[PDB]
Number of protein chains: 2
Amino acid sequence: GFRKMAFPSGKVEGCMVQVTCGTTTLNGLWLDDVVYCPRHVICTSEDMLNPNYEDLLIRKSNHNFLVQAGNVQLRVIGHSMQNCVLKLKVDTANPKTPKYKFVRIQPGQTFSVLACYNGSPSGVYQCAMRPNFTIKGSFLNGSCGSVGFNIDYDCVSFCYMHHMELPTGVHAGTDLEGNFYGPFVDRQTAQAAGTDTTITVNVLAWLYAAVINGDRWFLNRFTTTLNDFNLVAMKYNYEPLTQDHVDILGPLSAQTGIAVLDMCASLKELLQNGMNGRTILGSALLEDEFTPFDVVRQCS
Amino acid sequence: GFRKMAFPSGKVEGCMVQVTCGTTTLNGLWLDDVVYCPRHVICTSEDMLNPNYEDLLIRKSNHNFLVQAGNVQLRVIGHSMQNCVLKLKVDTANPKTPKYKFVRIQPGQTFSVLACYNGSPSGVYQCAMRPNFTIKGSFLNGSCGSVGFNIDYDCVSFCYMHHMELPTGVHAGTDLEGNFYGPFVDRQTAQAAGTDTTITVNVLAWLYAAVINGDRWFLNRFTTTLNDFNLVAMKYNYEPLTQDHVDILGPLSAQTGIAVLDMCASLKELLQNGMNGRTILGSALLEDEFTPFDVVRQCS
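Residues numbered from 1 in each chain as written, not as in the entry; some residues may be left out. Chains lettered and ligands numbered in written order. Part of a larger assembly, values for the part shown. Heavy atoms only, no water.

### Topic: the packing of aromatic side chains
Right, so step 1: As enumerated under the stated definition, the model contains 16 aromatic pairs over all chains in all.
Right, so step 2: Where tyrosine 125 of chain B meets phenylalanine 139 of chain B, the ring centres are 6.5 Å apart and the plane angle is 55 degrees; that geometry is what we call tilted. Here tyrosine 125 of chain B is found in strand 10 (residues 120-128), whereas its partner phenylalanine 139 of chain B is found in the loop between strand 10 and strand 11 (147-152), with 14 residues between them in sequence. Of the two residues, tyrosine 125 of chain B and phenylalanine 139 of chain B, both sit in the buried class.
Right, so step 3: By the ring-pair criterion, three or more aromatic residues cluster together here, those being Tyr36, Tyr100, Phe102 and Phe158 of chain A. (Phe/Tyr/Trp six-rings, centres within 6.5 Å; stacked < 30°, edge-to-face > 60°. Helix = DSSP H or I, 4+ residues; strand = E, 2+ residues; numbered from the N terminus. Buried < 20%, exposed > 50% of the residue type's maximum accessible area, 1.4 Å probe, protein only.)

Given below as structure tokens:
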């Protein structure tokens, strides 16, 4: 097994609060004197079918928002919307605010989620942004407004806020400026995701992890061109590999002595032949939710 | 996919420190005015081959231990050993000490590890104590003294401290009173683990998780007796299921409407027939490192 490792969550735990509007409670993020949360908190069950968020927000007063940090009520002094994120101004700057920035991540990148229930931290796990801008896998039952982040040197980079579940069970959300990842809207109407694809560069990073962890059976004596690899990739719904992706795998290639295009030849054979009942890192399936950075972080 | 979720790590992050003795640096745990760490910190490479820990410890002065919390040196005022754990008394009580207890967990139970490098928190993941008292899977390269824990209501229950790697790549460690889990010793000599077994009650919890997450193909119209199930289990290196284990699965059985012995009949068929190229929760292998409590924590 190659373990998913989340970032330590302490810096984000001190920012989680509960936001209630009417009968709806979800998670908010308290940074300086602003609480961020999904704007759908202001919607009734009926409102969600076709909301006019500007009109709904105008009809709300500050006293219609109950913000609780532990057992402590924060007074709201201002409410506004930035795209799909509600910003509640409160009268107290969070004394536990970390150094932070707001970033918008790329498809295929990973991040940690602090899964919260009604403002209370419950668990932490590592998630990948799928190429179709959904988040796949199992989630904490009832967890709206939970946030995704990376820790850079001292700095928390917030990249994601959970808004929506698609009937398939996958999650959709926004960056912390309230822009959805992918084609989704915060309305209860028919929404399809695009076809998903396998994140090739992550599969290669995970094969490097396998090698570093002594799982080598799939290495073959062959090489390929980027062009010949990509013809096979396309047939198996893999993303095309670019020179920039090859360059990202440089450190794992140096650590293992296996040229990227040699690992590409190994992956081509695995796609064409299958595993013949064998496992890699205890899996019968190739894994694509570890980035090259995730592997180097854990393995170097 | 059914996600491994770790406990939020913030309460433990504030306790991690670096301990150095000569050229050896590893992790320590700073609770009130005591730093806990593996006693093998006092050993040279040569000492590890056959250490007399009492003699080695007598030859150490307080000034031979360098304890750093961030960039901050703590003065050691006392050194003693409890079984395989070194206790450094320091002149400052940790102001970030959480409510805590020390527990000794059972084989098959899970816990979160805050993986640290030279006192610095790096990542958090969920681990299971194998029936042979090893910890399996991939680990942070260089991480000695990292601790395992559960969070109970407000209270951190520390259960594990990493000491050793076995040549197979698995980890061995102690409880926080310095007693090894399993037959292992903190000496560089030939040590075998017992044969490992599959944690049956955890496989059943994970099949309940599958059902709750809409993966139902393996459910069959059959039941079994505990006795007839156990005859099959024994052949596939599964732990025998006891009435006490059946009772632990009550809540998942109630949530799904599937009797425990009906899920046992489903598992008997999976062991005898295999998966025929199908997956459960995105896995081709049955997973045994989620406890019934882990599933209820995430799914209820």
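### Considering helix 4 (residues 226-235) of chain B
Residues and elements named next belong to chain B.
Right, so step 1: Among the residues of helix 4, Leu226, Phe229, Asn230, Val232 and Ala233 are the ones counted as buried. Buried residues of helix 4 fall within an arc of 165 degrees about the axis and therefore sit on the same side. Every exposed residue of helix 4 that faces more than 90 degrees away from the buried side is listed here: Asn227, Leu231, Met234 and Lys235.
Right, so step 2: The secondary structure elements touched by the buried residues of helix 4 are helix 3 (200-212), helix 5 (243-248) and helix 7 (260-273). (Arc of directions from axis to C-beta. Contact = heavy atoms within 4.5 Å.)

### Examining the side chain of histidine 171 of chain B
Residue and element names in this part refer to chain B.
Right, so step 1: By the secondary structure assignment, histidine 171 is in strand 13 (residues 171-174).
Right, so step 2: Given a relative accessible area of 9%, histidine 171 falls into the buried group.
Right, so step 3: Polar contacts involving the side chain of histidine 171 include one to the side chain of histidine 162, which spans 3.4 Å.
Right, so step 4: Those residues in contact with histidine 171 that lie beyond four places of it in its chain are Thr134, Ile135, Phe139, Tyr160, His162, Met164 and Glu165. (Polar contact = N/O pair within 3.5 Å; in protein donor to acceptor, adjacent residues only side chain to side chain.)

### Looking at the sheet that holds strand 6 (residues 76-82) of chain B
Residue and element names in this part refer to chain B.
Right, so step 1: With antiparallel pairing, seven strands are arranged side by side in an open sheet as 5-4-1-2-3-7-6. Of all the strands in the sheet, just strand 5 (72-74) and strand 6 have a single pairing partner and so form its edges. Each strand axis lies, on average, 35 degrees off the axis of its neighbour in the sheet, ignoring direction.
Right, so step 2: Of the pairings in the sheet, the one linking strand 1 (residues 16-21) to strand 2 (residues 24-31) comprises six bridges and is antiparallel in character. Within strand 2, the position partnered with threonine 20 by the bridge is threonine 25. (Pairing = 2+ DSSP bridges. Axes fitted to C-alpha atoms, helices over the stretch in contact; angles between N-to-C directions.)

### Comments concerning the pairing of strand 13 of chain B
All names here are of chain B.
Right, so step 1: The alternating pattern of strand 13 places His171 and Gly173 on one face and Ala172 and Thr174 on the opposite face, and all of these are buried.
Right, so step 2: Both strand 12 (residues 155-165) and strand 13 contribute to a ladder of four bridges, which runs antiparallel. Paired with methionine 164 across the two strands is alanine 172, which belongs to strand 13.
Right, so step 3: Where strand 12 folds back on strand 13, the antiparallel hairpin that results is connected by five residues, among which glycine 169 adopts a positive phi of roughly 100 degrees.

### Some thoughts on the sheet that holds strand 4 (residues 66-69) of chain A
Residues and elements named next belong to chain A.
Right, so step 1: One open sheet holds the seven strands; their spatial order is 5-4-1-2-3-7-6, and the pairing between them is antiparallel. The strands lining the two open edges of the sheet, one partner per strand, are strand 5 (72-74) and strand 6 (76-82). In this sheet, neighbouring strand axes are inclined to one another by 35 degrees on average, regardless of whether the strands run parallel or antiparallel.
Right, so step 2: Pairing analysis gives five bridges linking strand 3 (residues 34-38) to strand 7 (residues 85-90), with the strands arranged antiparallel. What sits directly across from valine 35, in strand 7, is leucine 88.

### Remarks on the pattern of salt bridges
Right, so step 1: As enumerated under the stated definition, the model contains 16 salt bridges over all chains in all.
Right, so step 2: Its salt-bridge partner being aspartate 154 of chain A, residue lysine 99 of chain A comes within 3.1 Å of it at the nearest N-O pair. Remark: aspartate 154 of chain A occurs in the loop between strand 11 (147-152) and strand 12 (155-165) and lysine 99 of chain A occurs in the loop between strand 7 and strand 8 (100-102); sequence separation between them is 55 residues.
Right, so step 3: On the accessibility criterion, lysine 99 of chain A (56% relative accessible area) is exposed.
Right, so step 4: When its relative accessible area of 31% is taken as the criterion, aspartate 154 of chain A is described as partly exposed.
Right, so step 5: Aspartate 196 of chain B is the salt-bridge partner of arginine 130 of chain B, the closest N and O atoms lying 2.8 Å from each other. Here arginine 130 of chain B is found in the loop between strand 10 and strand 11, whereas its partner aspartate 196 of chain B is found in the loop between strand 13 and helix 3, with 66 residues between them in sequence.
Right, so step 6: Judged by its relative accessible area of 22%, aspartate 196 of chain B falls in the partly exposed class. (Salt bridge = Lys/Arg side-chain N within 4 Å of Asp/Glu carboxyl O.)

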